[PDB]
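Quick one: this structure, given as C-alpha cells, is what I'll be asking you about.
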Amino acid sequence: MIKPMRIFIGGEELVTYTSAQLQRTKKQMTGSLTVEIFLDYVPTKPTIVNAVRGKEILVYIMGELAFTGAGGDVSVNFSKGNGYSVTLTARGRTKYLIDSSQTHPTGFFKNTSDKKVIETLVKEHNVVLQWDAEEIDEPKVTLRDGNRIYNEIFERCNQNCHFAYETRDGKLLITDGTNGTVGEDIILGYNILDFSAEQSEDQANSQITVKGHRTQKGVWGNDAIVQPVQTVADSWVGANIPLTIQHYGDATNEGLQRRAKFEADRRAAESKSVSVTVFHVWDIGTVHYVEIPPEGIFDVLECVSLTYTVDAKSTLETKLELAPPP
Amino acid sequence: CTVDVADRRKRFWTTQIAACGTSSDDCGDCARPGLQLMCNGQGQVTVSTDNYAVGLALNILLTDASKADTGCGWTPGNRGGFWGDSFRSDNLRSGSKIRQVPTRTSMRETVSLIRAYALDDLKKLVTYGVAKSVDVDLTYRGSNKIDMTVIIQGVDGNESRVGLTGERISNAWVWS
Amino acid sequence: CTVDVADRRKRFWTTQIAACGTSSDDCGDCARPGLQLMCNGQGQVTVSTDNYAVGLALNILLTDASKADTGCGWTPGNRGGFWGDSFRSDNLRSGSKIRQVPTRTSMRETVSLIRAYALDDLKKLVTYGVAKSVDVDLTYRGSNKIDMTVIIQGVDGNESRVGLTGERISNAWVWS
Amino acid sequence: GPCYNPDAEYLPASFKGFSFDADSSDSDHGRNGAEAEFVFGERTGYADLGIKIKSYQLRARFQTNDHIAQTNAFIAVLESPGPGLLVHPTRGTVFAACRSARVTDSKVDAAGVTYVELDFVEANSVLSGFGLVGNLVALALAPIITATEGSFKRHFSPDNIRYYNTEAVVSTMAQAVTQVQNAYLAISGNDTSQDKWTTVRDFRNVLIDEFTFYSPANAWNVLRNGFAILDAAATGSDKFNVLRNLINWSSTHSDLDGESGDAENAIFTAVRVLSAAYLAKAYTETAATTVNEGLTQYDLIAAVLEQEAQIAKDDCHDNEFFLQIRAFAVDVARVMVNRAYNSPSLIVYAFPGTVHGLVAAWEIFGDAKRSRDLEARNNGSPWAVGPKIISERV
Amino acid sequence: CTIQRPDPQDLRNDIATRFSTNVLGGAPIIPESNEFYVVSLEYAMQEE
C-alpha cells in the first residue's frame, strides 16, 4: 500500500481529507499541518459541526509518527460550484510557548543555568523538554516583563549555540549537534524529481567579532568593560567581509566564541541552500549523501526542512531543504 | 607491467552440449547436457570452462520460468522460477517459458508463438552483455517436428574495430 | 602612404593540377597533382603559389573524410578524416566523401548521389569564404563514365561593384 | 504481405488477467530535453534531460449476446486498485495502469456492440522511501575505527600491568604518536595557514606532558585524531609513501611477556590496522592507471588485513576483532575491485602496428586533444604507441 | 578458545576430500584451478 497518512483528531481516523501538507523545520520552534475536509450540507436534514479550536492531532506518516500537536484554526469556506470545504490547521504542541506571555513570579533568576531557566519557562504549559546539549552557568537572568515564552528561549539558546525545535513525539528538543540517523543517498538521475541549489555570497562573513560586558558578581571596571572580545573566522568565504554581533549576557571568552560560532553556522548554512523535490513520502536532522554532478555536489548534507504534500490527483511528493558541506 | 594485456578475470564451470552423451529413444537422439570433466596427466580431474555463451543459452532454455497468475492457481511447489531471483539487482527473471505455450490448432500459430517466446527469452543474452545479436530461425510445420537453429553473435577479447554504432558488450572477456 | 594599397597578406604554397604530370594507364590520362617548384635565374628553387581556389578545391576533393557509423564498425586507422580537425573552431569536417557512395543499380541514381555529395563538399569553398557561387554540372550515364565539370566563381582584390545583394565574401585577397 | 496471418502475429490483449480483443494499439514514446536559444546568436543548444513516460491507447470491442455482462466485468477489473500487467498486442507485456476508459453504447443506433476506449500509462514502483541506493563508490572507515577502539581499550591498561614494564609500554605509545607526527610534518610541507601552526603546537604539547598516555582514553583519542589529521593534510598519491612507512614500523612484535606484550601488541595492531584503512582510503581517492595496478594495490591491502586478522585469532585473543577485520576486508575488496575494473572502463585496442599518440587518440575517441591521456597508461615513445593500446571505453 | 578449533591442515584436508568425493567423483584437485580456489574459500568461510 502507498498509504502514508492516518490522522487522528482524537481517534477519528480521517478518511475524507482531500489534501494535506505537513511541514517540519529546524529554523523554527513548530510545524504546520493543513488538512482539507469535505463537510457536506443537506439543507433539510440535521447537520452537526465540530468547533474544535483546540482538540489535538497527529499524522502518522507511512506507518510512523510525523507530527504531534486542529489547534490552529477552522476555516469553513463556501462557494456556489465547488464550495463546502473545511481547511483545518494544526501547529505543534510547542506552540503556547510561541503565543503566550511569561508569567513567572520572580523575574530574576540568580546563579542559574540556561537549562534551568528553560525548564521553568516551559513547565508552565506541560511541554517536556528534551535537553540534549549541555549545562551552561550564568549569574543574572532577568526576563523582560511578559516578553514571550519563545523569544526568551531563542535568546537564551542563541548566545550559547543550541538549536531549538520540536520532535515527532511532541517534545521540545534543545540540541547542539545532529540527530544522527543517516539515510538515502539521493543521486541525480535516481530519485530527484526536481532540484535547486543556491550558494549566494551576500549572506556570508569572514570575521565575526563578538563584544559585550561581564555580568558576574564583583567583576567591575576594565575586567568587565574592556577585555571581553573575540574574533572568530570562517576561512572559506574570501575577502575581508567583517562584522560585529554584540553579546547580551555574561560575556565570557567561551560565551563570546560560542555565540560567534553559532552565527558562523547560521550564515554558513544559509550560503548553500539545496531544495529538492523527491517522490513518495524521517530527515529533520538526518544527513544524506547527495550527488548532483552538474552543480558539483558530491557531498554529505543535513536536511534542515521536510515538507510532505498530497492532493488526490497528482502528488505525493516531499520537499527537503539541506545543509551546506563547508 | 607491459605483461598487463591479459585480464586476470577467469571463467567458472560451464554447462556443455552432449556433456553426458546422447540418449536414443527411437524418436531420435537428444543431447543430455551437463558438466564436462577434463582429466590430467596424473589423475586430477577438473571441470571444463569453455563456450560460455552457449552455456548461458543452455541455462536459459532448459529451466522453467514463473507461470502466469490464473484463477485456477498452481500447486505451492509447481510455480516455476528460482528463489535466487529475489536477490539479483537487474530486475529480471531467470529461465525461459517455451514449455508454457498455450497450445492451439493450426500449427503455424504455434510456431509463431514459440518463436516469440524463444526470442524474448534469448534476448537476456544481450541484456546481460554476453552476446550482441542473438537470433533464431525457427522454420517448419511438418506434423509436429520443428527446427530452431540459434545463432549467438560474439566478439573477441581485444577491440580491433573502430567506429561502431553500438557499444562493446560489457562482458566481452568471455569471448562470446 | 598613398601607395598603400597592397594587402600585406601573402599566399602559402598551393597544390596544382598536373604539377607532377599525367599518368597514362591506357584508359586515359589523369593529372597527378602535387607541388610545383619554380626555378630562378641562379639556382634557388621555390614552390609556386598560384591558383589558390582550385588548390583548396583539390585538397577538399582528394582527401577522404570520416566515414559514417555502421553496425560492424571500422578498423582503428581506416576511419577517414584528419586529427587536425579537433582544433579548428568553425565546427566542420575536412575532406570529401564522394568515394563513399553506396553504389547501386540504375547509374542515374548513382549520378544523383555523386552530385549531392560533391555539391555538399564544395559548398565548403563558399563557407570558408574563398568563392561565392560554386556549382557542378555532372551529366552523363554511359556505361560507368561521367563528366563532372566544376565552376568556382571568383572576385577581384578591389571592390569595383556597388549595391550587391550578398557581401564581399571573406577572403577576397586570394583573388578567388 | 500476401499471406500475412493477422491473428497469428498480434498478441491477444489482456489487462490484469482479464482478456479482451483489441481493435487498435497506439504508443507515445519519446525523450525530453531542453532547447537553448541564446539571444542575438545564430546558434542553438540542446540538453537531454531523460526519458519521456510512455502511454498506451487501445480500443476494445464487445460483440456478443452477453456483451453487457462482459463490459461490466471489464469495468470492475479496470477500477481495481493499483497498476497491473498489460499485454499490448504489438508491444508485448508491460506494467501499466488505467487512466480513463470511455464506454460508448447506443441502443436505437447500434445495439449489440459495445466499444471501450482505454488509456494506460507505464507504471513502475519506486520502493517507499525514495531509493535507498548504496554508494558502492566509497569506503566507510567508521566501523573499523570503532572496532580498533574496542580492541585497543581491551588490551591496553597501563594501570594493570607490572610496575617494571609500565614505562616501556607508555614509551612505546609515545613513540607511535611521534611517528604519526613526523608523518604529518613530512606530508604538509608548504602549508602556511595558522592551522598548521596550531596543530604542530598541539603535537608538541601532547608529547611533552607525561601523564597523558597513562589513560587508554587519551591514548586512543590522540592516535585517532592524529590519523584524522594525517588524512586531512593531503589528497591521494601524496599520502602513499608516508602511510606505507607506518605499516612497516608497526609490523613488529613485542618482546615483553604477559600483559606487557599484549599492551605493546595492541599498540602495534591499532597502528597497522588504522594505516591499512587509511591507505585503502587514499588509494580510492586516485584514479586507476591500469587494471593490473588497481589489482596489485588491492592485493597489498588485502595481504596486510589478512595478516592482522590471523594475528587477532592465533590463540583466540579477541574473536570480535577478527570478525570485524574480516568484514572490513570484504568491504575494501568490493571497493578496490570496482575501482580497478569499472572506475574508468579500460579496454585494450589492437591496432595494425604502431601509431602515433595523436593518431591513436583521434581514431579511438574522435578528438586528438586526449592524446595526453594515452601516455600515463601505455609505455612507448609518443611516436610509436602500440600496437596494442590501453585506453578508456568509448 | 572455547569450542575446539581443529588443526588447520586437517580441516583443509577434510574439506578437499569432501569436495573430491562429491563433485570430482574421487579424483584429486589440480593446484591453482577453479576447484582449488573454491576449496580455499569454503575453508575461510568455515573458519569464520
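Labels A, B, C, D and E are assigned to the chains in the order they are written; within every chain, residues are numbered from 1.
As a working rule, contacts are C-beta pairs under 8 Å (C-beta built on N, C-alpha and C of every residue); 3 or more make two chains touch, one makes a residue touch a chain.
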| item | value |
| --- | --- |
| Labels of chains that are neighbours to chain B and to chain C | D |
| Chain pair with the higher count of C-beta pairs in contact (D-E, B-D) | B-D |
| Mean-CA-position distance for chain E and chain B (Å) | 32 |
| CA centroid of chain C to CA centroid of chain E, Å | 74 |
| Multi-chain contact sites of chain D, meaning residues that touch two or more partners | 349-350, 363-364 |
| Residues of chain C engaged with two or more neighbouring chains | 75-77, 79 |
| Chain E residues counted as touching two or more neighbouring chains | none |
| Touching chain combinations (by label order) | A-D, B-C, B-D, B-E, C-D, D-E |
| Residues of chain D touching chain C in the complex | 349-352, 355, 358-364, 366-369 |
| Residue ranges of chain B in contact with chain D within the complex | 1-5, 7-8, 69-71, 106, 108-109, 112, 116, 120, 157-160, 162, 167-168 |
| Chain E-facing residues of chain D, complex | 315-316, 323, 326 |
| Footprint of chain D on chain C - complex, ascending | 66, 75-77, 79, 81, 83-84, 86-87 |
| Chain B-touching residues of chain D, taken from the complex the two chains share | 5, 7-9, 11, 17, 92, 290-292, 295, 347-350, 363-364, 379, 388, 390, 393-394 |
